[PDB]
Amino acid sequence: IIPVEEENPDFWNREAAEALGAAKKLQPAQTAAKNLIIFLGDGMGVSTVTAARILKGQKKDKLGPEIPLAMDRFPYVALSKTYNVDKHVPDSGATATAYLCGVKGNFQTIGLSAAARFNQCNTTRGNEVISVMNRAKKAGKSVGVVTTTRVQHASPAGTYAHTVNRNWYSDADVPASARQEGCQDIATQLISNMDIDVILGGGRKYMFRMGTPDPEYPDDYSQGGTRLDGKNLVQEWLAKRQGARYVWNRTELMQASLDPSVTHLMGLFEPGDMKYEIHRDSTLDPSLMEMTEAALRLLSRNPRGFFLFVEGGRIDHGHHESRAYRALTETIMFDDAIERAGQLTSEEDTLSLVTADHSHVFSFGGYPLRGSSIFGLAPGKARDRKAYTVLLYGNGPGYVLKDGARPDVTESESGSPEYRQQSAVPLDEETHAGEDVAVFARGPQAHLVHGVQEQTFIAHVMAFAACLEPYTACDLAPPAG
């Protein structure tokens, strides 16, 4: 459908004149960031952003592509080069090292320079690289990690952990030789490496000994504690800190976030990853936006400021399943969390970056009409006289042959939350993609986010803006009020 207002060139000329006016008003801050926030859309590449924009636009009864996402409103954009040192198409662990520690790493390691080697515990020591979050804590800021995945998953683990193997969630995962060599599982590192004021997301099971019933699924043994070392890491964490609280559901999270006596908060809301937003039990589980707000309630108390990591962690997972419906609905909630954080913080003193760790082989094609559903069929048949979808994957589990041929697809089928878009190459999981991802920035020193940069730039600009090591001589004035 052609929106009538857009048929008039004045519509476009007025918009562009407004855009030019806004562009001219942008001025660099001479002042430091008090607070730092990184919003990480796991797998949220450029095709994901545009597709999610269209879906969100239509969610609010618009045509789609013309309505800005909250992230679209950020004044400064750069492209981020995501390659790992050893692989062109990266993973979440080693990208986390880049955007959180400022150093590129090898595929599937976390918080380590590329002198380390995947799954080789004895290459760990000397190669630890300290995150901006760690440095923020050292400078007396409060720090928070918020994600829809396990809090021990690769991305949040980049804020605190150093490991040659992202798969080492608990001691149960670590081979005997590595345990002997002192490579700690990620759950242990979470509570041991540094003080973290707010930890919210999934990953209950890795904190408790085998045999410990999950409080939410006490009748499902597979959801229970995983630990073989008898440790209760939650009790250990609580024992270290006066004013610490542990919660596992939304109601207790709410109570904790408003409780003045709570100085440290760990909320682990599922045994593993949190449910997709479309599957979330809104009585039992907080959304990413709600967790973001809860984190901000506590972190904002510190007069020295805070560093906050917020991850739309299951965007990635949706794409891996080649279920664009899941990827894009996760992306919208991620954008909602960005929007919410923007309402609760000031760009006068808070540097916010939105980025992705890497992309996916997700494409948005065919020649669909303005206003058509992103989950719809491309107009016109394929060469095999069957329909095809506007959303497709290069590879992944949506590749199908029924009776020796590519299957036809209907609108009702293509629009289902369980539908897997077709791909060229069958894989159990669709792959990451290696093309550049966007970095969006707002706040003090955000104007430094520009051009095409190595992904490591994200960590460095954040440390610089807050005058953290190695940029204590930042020569910036104190944060603005």
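Counting begins at 1, following the sequence as shown.
Between 228-236 and 362-370, it is 228-236 that carries the larger average Cα temperature factor according to the deposited entry. Higher mean CA B-factor, judged across 211-219 and 382-390 from the recorded values: 211-219.
The entry lists C-alpha B-factors for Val400, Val85, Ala187, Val132, and the highest of these is at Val400. The entry assigns its greatest Cα B factor, within the set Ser113, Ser352, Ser92, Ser257, to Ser257. Residue-level temperature factors show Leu298 in the middle third of its chain, judged at the C-alpha atom.
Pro65: CA B factor in the highest third of modelled residues in this chain (values from the PDB entry). For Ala19, the recorded CA temperature factor ranks within the middle third of the chain's modelled residues. Looking at the C-alpha B-factors along this chain, the one for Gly43 belongs to the lowest third. Ranked within its chain, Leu26 lands in the highest third, by CA B factor from the PDB record.
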